[PDB]
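In this document, chain identifiers A, B, C, D, E, F, G, H and I correspond to the written order of the chains, with residue numbering beginning at 1 in each.
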Amino acid sequence: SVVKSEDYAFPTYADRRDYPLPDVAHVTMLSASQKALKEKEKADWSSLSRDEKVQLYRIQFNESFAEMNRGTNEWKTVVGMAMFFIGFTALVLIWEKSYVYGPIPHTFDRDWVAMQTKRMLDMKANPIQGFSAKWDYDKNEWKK
Amino acid sequence: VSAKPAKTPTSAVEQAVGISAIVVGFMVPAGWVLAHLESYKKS
Amino acid sequence: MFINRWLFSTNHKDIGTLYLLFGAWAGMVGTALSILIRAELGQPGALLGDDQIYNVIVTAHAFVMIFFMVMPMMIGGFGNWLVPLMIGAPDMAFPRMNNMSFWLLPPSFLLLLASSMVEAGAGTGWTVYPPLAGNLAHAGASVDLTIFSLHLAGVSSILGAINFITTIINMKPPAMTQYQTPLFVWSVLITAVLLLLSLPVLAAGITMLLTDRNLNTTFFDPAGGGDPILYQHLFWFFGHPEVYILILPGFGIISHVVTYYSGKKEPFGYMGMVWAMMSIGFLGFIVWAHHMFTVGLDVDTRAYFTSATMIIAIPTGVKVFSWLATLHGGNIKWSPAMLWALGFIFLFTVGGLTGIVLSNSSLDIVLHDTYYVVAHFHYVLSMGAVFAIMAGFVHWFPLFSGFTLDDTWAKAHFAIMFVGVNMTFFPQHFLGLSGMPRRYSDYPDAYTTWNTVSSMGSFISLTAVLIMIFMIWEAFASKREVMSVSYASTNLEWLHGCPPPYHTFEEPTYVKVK
Amino acid sequence: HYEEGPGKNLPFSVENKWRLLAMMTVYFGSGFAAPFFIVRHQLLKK
Amino acid sequence: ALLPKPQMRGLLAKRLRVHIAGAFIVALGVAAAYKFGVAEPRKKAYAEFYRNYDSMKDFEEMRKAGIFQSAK
Amino acid sequence: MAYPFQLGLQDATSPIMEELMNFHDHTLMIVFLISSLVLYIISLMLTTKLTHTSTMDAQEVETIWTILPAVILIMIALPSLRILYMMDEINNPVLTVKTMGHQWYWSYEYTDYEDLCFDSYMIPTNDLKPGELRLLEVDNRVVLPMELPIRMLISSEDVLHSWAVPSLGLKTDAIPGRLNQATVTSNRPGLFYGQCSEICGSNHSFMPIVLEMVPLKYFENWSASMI
Amino acid sequence: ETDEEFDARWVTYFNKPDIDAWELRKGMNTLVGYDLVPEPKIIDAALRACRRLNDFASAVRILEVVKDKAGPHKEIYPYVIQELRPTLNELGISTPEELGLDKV
Amino acid sequence: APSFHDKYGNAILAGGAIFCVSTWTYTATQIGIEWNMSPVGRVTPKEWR
Amino acid sequence: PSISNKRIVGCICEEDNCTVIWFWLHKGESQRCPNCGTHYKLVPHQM
């Protein structure tokens, strides 16, 4: 049952379109019906039907090139468990916001934000394009 | 690299308790330290 | 028996496995340190009180994951695991010295941890700029332990570099010349050359700093004739060669990953790649004053150094163009190592190009010591060399251990890591352009929002590293061995089997007669 | 002679999955939890 | 009926030729998009700001409230 | 002087740093062009169906591959040196101001004539006047005039500070034993903010620099009535 | 280079009578790496070489490596099979669309 | 053979997508943190001395 | 020559080449480098 330890040293089967004809057959040991199949291979070809053709292809090499490169759907599961784990990270953010952090500084209050925004607009903080360029100084309201 | 199948199988439930054990073992000392720093500041 | 294998080791594979273990340990240490640093910049506050301990944490982050994650894992682990296996050598030329370098690493880690342990703390940044690191602003035993940690890491890196150079040049088959080795061997050739031609300046500068702190000299005290810009010159003369140490075996790993899974028997423009890498290793020594465009240099010096910075910019572009042209019409198979490689190419490209934006001295006048710099190098290091090392580890983990990682779990790890590190390091461009300086525990309100966004992105990356342990546990939860390896003819390291035995190349390789 | 094979070129025990999970989680958790203990000790010291 | 001979030598080369032409025109389009969006709008903002500008009236407009420490 | 969701640079007052913005926009063109180019190539040639794994020719594309990045970097570097050699011209210093970076605070010296120096501390958060800012307020502001080339001569006592204002495009490292000369020109009056850009210990995040620039008649009425 | 001497040396290589499956195997493996869907005379030579030592399976793999090299456009293989058709009814070989190898 | 992906891809898109959008609008809106939103447009500035 | 019945054989089979074609060679009949055509026969009589 156990193959000898020089399995890497022996020529091994491989299925890819870069290397479409591998050096070794897929099924190395042949059964007696497959021995009769091989001597029927030695005979003429035009007297041989479709079902032993497809079983001949399946016992010589592993699978056909049209369906080995089909679209397997693992990217769906990958992105699904991805956003599942961004969700678990969000739960970590819930816990770490509830327990670890203390209060925000008092400058984040709405009245303090209003007075400091009035200060920014009063001293013309970067008033060309950055912040005070959206505030009209005539109508005293934001630009619309 | 083509891989042989698993000599020991792994079902869903032991994977689930393994990832749960890993996350709780990683987060219980870190969350133990970060859960309370008022005691470490001697406040 | 256990001590005679894992403590008294004299073969490169076991020693390299021990670098994988120690580098993974230091990677989780620095990951936790980064979790703290992003942990109180999510909400503006003195969560740790004084920011002296914050600078201690930042310095610990920088030191442990520069000298204790990336250099051990990359240089030691991948060199000791791959360089004898690619070139056909049975072992290294000096195995006991390699073992001494490896076993010198954990005392350096211990002294760095003890440097963080002392109540003054070595909170002085990755650069050790005196006399903030002197005996008046940091009056304690901590930064002396930091200096001795750097001594031990530098001596270990120098011994490893000596062994690497002599085992590439001398331990090679006879009719194989220097231009038939794989490109990772060239990467560690120029890398070990730059280690051995950079680390003596660092060792001399930190010996000078130790003598300034303790033996009352005045190399860096201007009150006795010194100059701190001498330390800046010496430190960055070491440092940018050390920067290209941190990036060049990443280039070698990325080149092997890109030419492997694409089906290419030969990477495109091998002589061009080799010329570009020697050009980087030759131009790395004349560029260092780009770190000192705000110190007060002469304007002709600054013009020369930005010109030489564009001259070091061109061969990196040659390398990235040769990568995109060795992808040329290949049978691409979407292993996760290609996902790491594409992430490397795009994000290292944008980080390096923001470096080119920072290269011009006139703009570097206003964009110095801001988070634009942090975004540039955190792109390049923190995900270029990082995705190169996960590409290498995920690729060679069947070779290293024997079992395989799950492809779905590894691609999910790539997705969670990609989203996390991009969310962490994208908005700090706008933070640095707005004018937020580095090494700040607390910021004004206007820099809040991007900070908060980046901080929670760091938590996403935290989830990523959890999956790392899980999927490697999944390998040892499955014991699924390999059938075989594709493209085994053009790579010698895969050809002794997964994993290779203790004594490989008992009878060495046979070379073509010609 | 030394022992070579899958899992036998590692210092840690491989054959039991659950003790491997326990030892890897305590090893990586100790590595993760070391700087937290360092920063809490400098918080306690000052 | 009968099918003619199709293109059969080096179609990936023709694909990369028409696509590097497309890459060049989309790089120029991205650069011109950033141009027309930001760059001369910024210089136009500077030009519209500075030509109808004086320091004295702007100074008086700031110092009505009393933000400055050098005027009371 | 920052504002929330700011993506670009701090808006212009000095001509030197608005020319820096023009060069910054030009190199932003360059990085957008080549990043979109490598993005299009990456999203393109990973999305093909054909294969070609032959021993292809090598030495037939290197002439463009060598000269074209050199051409892009030389059109990058021509405005670089063009504006680099314009911040160091023949100075006409109407005013000289020294600063010296004390242990987590600053000092400013106006002693061209009638010696004047002061030490600038920080307003604490719990001592804030309503409407002011956090981590960006100083009791004793730095007063400069407009339309004039003014020099800053910087130094420090022990640790390496850095006098930095990004809105005016000035950043020079305060080093002991070495005073550095940095020119400044302003075209608008106002209050322009900056912070320390070199680490200086256990309060490194807690020194701001504020530049109040006013006309000159208030300089006689201010410096004549300060000491 | 030119294509006439290329195709001439390839049809010289395949049509020799001392071929074996390993030799034609490595020849097809080094022929598939070109940026080129191979002309039907090459496919005649490869099919006769595959016929000379009694293999169905490699011949069907030749037909489907003509298939997947066509890319998105599928006007190649109808012309290819109308140029291959005399060998198809004198050899008894089967196209991959007819014995059930195109389907998943 | 029916693999994991052939229906569980749609299953984990549905579950992970709705779970991620639910917990992220919960952590973006329902907590009560201060995002330091831009005061442009809609908020009013109030006079300070 | 060999001492075992298995050896590394590298083929730099055309002059001034990047890649050496590495393959195991076993006792018995001589098989070639898998892309060029240089034969290789192992003789295990060298101690």
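One rule holds for everything that comes next: contacts are C-beta pairs under 8 Å (C-beta built on N, C-alpha and C of every residue); 3 or more make two chains touch, one makes a residue touch a chain.
For reference, the UniProt names are A = Cytochrome c oxidase subunit 4 isoform 1, mitochondrial; C = Cytochrome c oxidase subunit 1; D = Cytochrome c oxidase subunit 7C, mitochondrial; E = Cytochrome c oxidase subunit 6C; F = Cytochrome c oxidase subunit 2; G = Cytochrome c oxidase subunit 5A, mitochondrial.
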* Of every pair of chains, which is linked by the largest number of C-beta contacts? -> C-F
* Core chain by centroid distance, with centroids computed from Cα atoms only -> C
* Asked: What's the chain with its C-alpha centre farthest out from subunit G?
  -> F
* Asked: Per the centroid of Cα atoms for each chain, what is the distance between subunit A and subunit B, given in Å?
  -> 24
* CA centroid of subunit F to CA centroid of subunit I, Å -> 64
* **subunit D and subunit I, separation of their C-alpha mean positions in angstrom** => 44
* Between subunit A and subunit D, what is the separation of their C-alpha centroids in Å? -> 30
* To do: Return the residues of subunit D touching two or more other chains; collapse runs of consecutive numbers into ranges.
  => 17, 21, 25, 28, 32-33, 36, 39, 43
* Structure fact -> Two or more other chains are touched by the subunit H residues 33-34, 36-37, 39, 48-49
* Residue numbers in subunit B touching 2 or more other chains? -> 2, 8, 18, 22, 26, 30, 34, 37, 41
* To do: Over in the complex, which subunit I residues touch subunit G? Could you list them?
  => 31, 34-35
* For the complex, which residues does subunit E have touching subunit F? -> 11-12, 15-16, 19, 22-24, 26-28, 30-31, 34-35, 38-39, 42-43, 46, 50, 55-56, 58-59, 62, 67-71
* Spell out the residues on subunit A that touch subunit E in their complex, using ranges where they run on. => 119, 122-124, 127-129, 133, 137
* Can you check the complex and tell me which residues of subunit B touch subunit D? => 8, 18, 21-22, 25-26, 29-30, 33-34, 37, 40-42
* To do: Under the touch definition given earlier, write down the residues of subunit E that touch subunit G in their complex.
  => 2-6, 8-13
